[PDB]
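Have a look below at one chain only, the form deposited without the ligand, in structure tokens format.
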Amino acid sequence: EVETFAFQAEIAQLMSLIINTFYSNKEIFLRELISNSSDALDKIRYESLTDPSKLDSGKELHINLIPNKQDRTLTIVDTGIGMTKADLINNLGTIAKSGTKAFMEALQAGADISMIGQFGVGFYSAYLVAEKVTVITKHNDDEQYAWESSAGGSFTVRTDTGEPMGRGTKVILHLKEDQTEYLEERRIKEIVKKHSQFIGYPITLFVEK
């Protein structure tokens, strides 16, 4: 069972702008997704402070970066709070409708696309480098789901049958054919050092055979 949903008009517009605007500083997508992961980890940590059983689904709080050159994917995994089905449908737990409005107002007042994260919609910077994004997620209060979109106005949600995650979110970037630099270890390390050097959770860059 696969359910298909339309993006709200403002999010469709945001996604089209990210896809079609000329903007060379694409590397900021990784900073934005690592920042989202850190926020998600903060949230489950905060809940655990009064209810330790919130971490029964996994005590380790971390961020993994996984490139796969055969599949042409870069995956960002975190063990944060995850998303419920309702969260996924509601723009992956963001205030994306109003955040988009603020972002577009900022752009007309001179802001840069790199400032997307200041408006709560940094997730959508994934489409600077990905033709399709798959999000696998597990929240303590719900089952494991896969969200997916190639833009074009719609996303899908389905129950996920893959490897059970325990708790957290996996963002799988199916990269554009000319964006394969983001699979090279040297490039990922450079970006992490430049933009994410002080994130308060361990970031592990996996390597490949």
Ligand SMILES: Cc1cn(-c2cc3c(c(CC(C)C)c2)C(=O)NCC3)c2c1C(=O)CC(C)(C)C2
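Superpose the two forms; the largest set of C-alphas matching within 1.5 Å is the rigid core. Position 1 is the first residue in the sequence shown; the rest follow in order. Shifts are known only where both forms have a C-alpha.
There is also a form solved in complex with the ligand; it is not shown, and the following applies to it.
- Message: Quick check on this chain: with the ligand placed from its pose in the deposited complex by superposing the site C-alphas, is the site open or blocked (blocked meaning at least 3 ligand atoms within 2.4 Å of backbone or C-beta)?
- Response: Answer blocked: 3 or more ligand atoms come within 2.4 Å of backbone or C-beta.
- Tell me, out of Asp51, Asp39, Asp56, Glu181, which residue has a non-hydrogen atom within 4.5 angstroms of the ligand in the deposited complex. The option sitting close enough to the partner is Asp39.
- Message: I'd like to know whether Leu175 contacts the ligand in the deposited complex, with contact meaning heavy atoms within 4.5 angstroms.
- Response: Looking in the deposited complex, residue contacts with the ligand do not include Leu175, since no heavy atom lies within 4.5 Å.
- Item | Any non-hydrogen atom of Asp87 within 4.5 angstroms of the ligand in the deposited complex | Close contact exists here: in the deposited complex, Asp87 approaches the ligand to within 4.5 Å, heavy atoms only.
- Message: When the contact criterion is heavy atoms within 4.5 Å, does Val129 count as touching the ligand in the deposited complex?
- Response: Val129 lies outside the contact set for the ligand.
- Message: I'd like to check something about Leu74: if you look in the deposited complex, is any of its heavy atoms closer than or equal to 4.5 Å to a heavy atom of the ligand?
- Response: No, no contact at 4.5 Å.
- Message: Need the contact residues for 100-132: heavy atom within 4.5 Å of the ligand in the deposited complex, sequence order, or none if there are none.
- Response: Heavy-atom contacts within 4.5 Å come from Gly120, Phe123, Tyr124.
- With the two forms aligned on the rigid core, where do runs of 3 or more residues move by 2 angstroms or more at the CA atoms between the shown form and the other one? That run whose C-alphas all shift by 2 Å or more is 90-94, the only one.
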